[PDB]
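Printed here is data.txt (compact mmCIF, C-alpha atoms):
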# COMPACT_ATOMS: atom_id res chain seq x y z
CA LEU A 6 87.91 84.54 85.66
CA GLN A 7 88.14 85.57 89.37
CA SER A 8 88.46 89.34 88.33
CA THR A 9 84.85 89.33 86.91
CA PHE A 10 83.36 89.27 90.46
CA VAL A 11 85.50 92.42 91.02
CA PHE A 12 84.45 94.53 87.92
CA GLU A 13 80.74 93.78 88.66
CA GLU A 14 81.15 95.04 92.26
CA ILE A 15 82.80 98.26 90.91
CA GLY A 16 79.83 98.64 88.48
CA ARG A 17 77.47 98.23 91.49
CA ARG A 18 79.39 100.76 93.71
CA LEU A 19 79.18 103.37 90.87
CA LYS A 20 75.31 103.27 91.16
CA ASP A 21 75.97 105.19 94.50
CA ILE A 22 79.37 107.02 94.42
CA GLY A 23 79.61 107.37 90.56
CA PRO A 24 79.36 111.23 90.29
CA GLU A 25 82.12 112.09 92.91
CA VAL A 26 84.60 109.57 91.28
CA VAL A 27 83.87 111.05 87.75
CA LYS A 28 84.55 114.62 89.09
CA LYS A 29 87.87 113.48 90.71
CA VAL A 30 89.17 111.19 87.85
CA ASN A 31 87.45 112.36 84.55
CA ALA A 32 88.92 109.50 82.38
CA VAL A 33 88.30 106.10 80.66
CA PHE A 34 90.26 102.96 81.76
CA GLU A 35 90.45 99.88 79.50
CA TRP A 36 91.62 96.50 80.98
CA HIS A 37 93.11 93.41 79.27
CA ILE A 38 92.99 90.43 81.71
CA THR A 39 95.15 87.46 80.60
CA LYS A 40 95.12 83.72 81.44
CA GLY A 41 98.43 82.16 80.14
CA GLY A 42 99.16 85.18 77.84
CA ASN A 43 95.80 84.82 75.94
CA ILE A 44 93.48 87.82 76.86
CA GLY A 45 90.57 86.19 78.79
CA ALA A 46 88.54 89.44 79.22
CA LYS A 47 88.45 93.12 78.32
CA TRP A 48 86.62 95.53 80.65
CA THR A 49 86.09 99.31 80.32
CA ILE A 50 85.62 101.59 83.37
CA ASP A 51 84.24 104.95 82.00
CA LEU A 52 84.72 107.83 84.54
CA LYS A 53 84.20 110.78 82.16
CA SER A 54 80.41 111.54 82.33
CA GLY A 55 77.55 111.08 84.81
CA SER A 56 77.92 108.25 87.42
CA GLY A 57 80.48 106.43 85.22
CA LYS A 58 79.96 102.94 83.75
CA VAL A 59 81.63 99.49 83.81
CA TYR A 60 81.08 97.37 80.68
CA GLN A 61 82.76 94.46 78.95
CA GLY A 62 84.87 94.88 75.81
CA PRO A 63 87.11 97.76 74.64
CA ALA A 64 86.21 101.47 75.18
CA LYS A 65 83.34 102.76 72.97
CA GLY A 66 85.86 105.62 72.46
CA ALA A 67 89.58 106.15 73.17
CA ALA A 68 90.71 104.80 76.57
CA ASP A 69 93.04 107.31 78.38
CA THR A 70 94.82 104.29 79.94
CA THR A 71 95.01 100.60 79.00
CA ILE A 72 96.15 98.27 81.83
CA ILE A 73 97.27 94.66 81.05
CA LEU A 74 97.97 91.84 83.56
CA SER A 75 96.85 88.29 84.43
CA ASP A 76 93.54 87.57 86.29
CA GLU A 77 95.64 86.18 89.20
CA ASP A 78 97.79 89.38 89.50
CA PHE A 79 94.63 91.57 89.21
CA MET A 80 93.33 89.58 92.28
CA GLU A 81 96.64 90.01 94.24
CA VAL A 82 96.40 93.81 93.68
CA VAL A 83 92.73 93.86 94.80
CA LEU A 84 93.62 91.69 97.91
CA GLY A 85 96.69 93.84 98.83
CA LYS A 86 99.11 90.88 98.32
CA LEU A 87 100.85 92.86 95.49
CA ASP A 88 101.75 96.56 95.14
CA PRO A 89 100.59 97.63 91.65
CA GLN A 90 103.61 100.04 91.42
CA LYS A 91 106.09 97.17 92.12
CA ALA A 92 104.12 94.95 89.64
CA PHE A 93 104.48 97.69 86.98
CA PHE A 94 108.27 98.13 87.67
CA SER A 95 108.79 94.29 87.57
CA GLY A 96 106.87 94.12 84.21
CA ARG A 97 103.92 91.94 85.49
CA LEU A 98 101.64 95.04 85.13
CA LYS A 99 101.74 96.72 81.65
CA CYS A 100 100.28 100.24 81.28
CA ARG A 101 99.69 102.20 77.97
CA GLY A 102 98.51 105.84 77.42
CA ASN A 103 98.31 108.32 80.34
CA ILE A 104 100.38 106.38 82.97
CA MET A 105 99.80 108.90 85.83
CA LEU A 106 95.98 108.61 85.37
CA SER A 107 96.27 105.05 86.85
CA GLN A 108 97.80 106.21 90.23
CA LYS A 109 95.07 108.95 90.03
CA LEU A 110 92.48 106.11 89.78
CA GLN A 111 94.13 103.78 92.38
CA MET A 112 94.21 106.47 95.16
CA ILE A 113 90.53 107.51 94.71
CA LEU A 114 89.04 103.95 94.70
CA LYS A 115 91.30 103.10 97.72
CA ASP A 116 89.43 106.04 99.48
CA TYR A 117 85.83 104.78 98.91
CA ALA A 118 87.01 101.21 99.94
CA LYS A 119 87.37 102.67 103.52
CA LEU A 120 83.55 103.07 103.84
Just give me the structure of the file as structure tokens.
Amino acid sequence: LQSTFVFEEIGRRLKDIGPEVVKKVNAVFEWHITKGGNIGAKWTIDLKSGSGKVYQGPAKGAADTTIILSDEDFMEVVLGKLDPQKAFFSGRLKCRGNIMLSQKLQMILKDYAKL
């Protein structure tokens, strides 16, 4: 899965900027990455305590938001070739739980990308 490279890099960036992202976001994000409709991976991005964590599988607890899309679409969002808002409104990006926590996440990771 191309998206794996991406979650690992997030995990690595948290080892530095973890605490400031936790304070801004305070929430747990679960991901379901598909290949051909079959889920190929589940990742959790915890941003609730400490530096945050990135691990594989579902949330140890309740996820505040569960995001579902294909590996390939995940990559287009990361690479800026696809607006995640447009993807959501076209139905290629599914989003369960606290929907406005995901734009809260988006904005804040966008910020630390410009470093």
*Using all atoms listed in the file, which residue out of A:97, A:73, A:115, A:102 lies closest to residue 85 (chain A)?*
A:115
_List the spatial neighbours of residue 55 (chain A) as a PyMOL selection string - criterion: any atom at most 9 Å away, all atoms listed in the file, same-chain residues fewer than 2 positions off excluded._
chain A and resi 23-24+27-28+52-53+57-58
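The nearest approach to residue 104 (chain A) among the residues A:80, A:64, A:44, A:32, with all atoms listed in the file taken into account, belongs to A:32.
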*asked:* Which residues are near residue 34 (chain A)? Cut-off 10 Å, only C-alpha atoms, ignore same chain within fewer than 6 positions. Put them as a ChimeraX atom specification.
replied: /A:48-53,59,63-64,67-72,102-103,106-107,110
*Which is closer to residue 40 (chain A) than all the others in A:11, A:77, A:54, A:22, using only C-alpha atoms?*
A:77
*Do you know which residues are at most 8 Å from residue 98 (chain A) counting only C-alpha atoms, after dropping those on the same chain fewer than 2 positions away, and could you put them as a PyMOL selection string?*
chain A and resi 72-74+89+92-96+100
Keeping only C-alpha atoms, take the residues you just selected and write them out as a PDB file, keeping the file's coordinate frame.
ATOM      1  CA  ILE A  72      96.150  98.270  81.830  1.00  0.00           C
ATOM      2  CA  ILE A  73      97.270  94.660  81.050  1.00  0.00           C
ATOM      3  CA  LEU A  74      97.970  91.840  83.560  1.00  0.00           C
ATOM      4  CA  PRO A  89     100.590  97.630  91.650  1.00  0.00           C
ATOM      5  CA  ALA A  92     104.120  94.950  89.640  1.00  0.00           C
ATOM      6  CA  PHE A  93     104.480  97.690  86.980  1.00  0.00           C
ATOM      7  CA  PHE A  94     108.270  98.130  87.670  1.00  0.00           C
ATOM      8  CA  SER A  95     108.790  94.290  87.570  1.00  0.00           C
ATOM      9  CA  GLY A  96     106.870  94.120  84.210  1.00  0.00           C
ATOM     10  CA  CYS A 100     100.280 100.240  81.280  1.00  0.00           C
TER      11      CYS A 100
END
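One finds CA of residue 62 (chain A) at 8.7 Å from CA of residue 36 (chain A).
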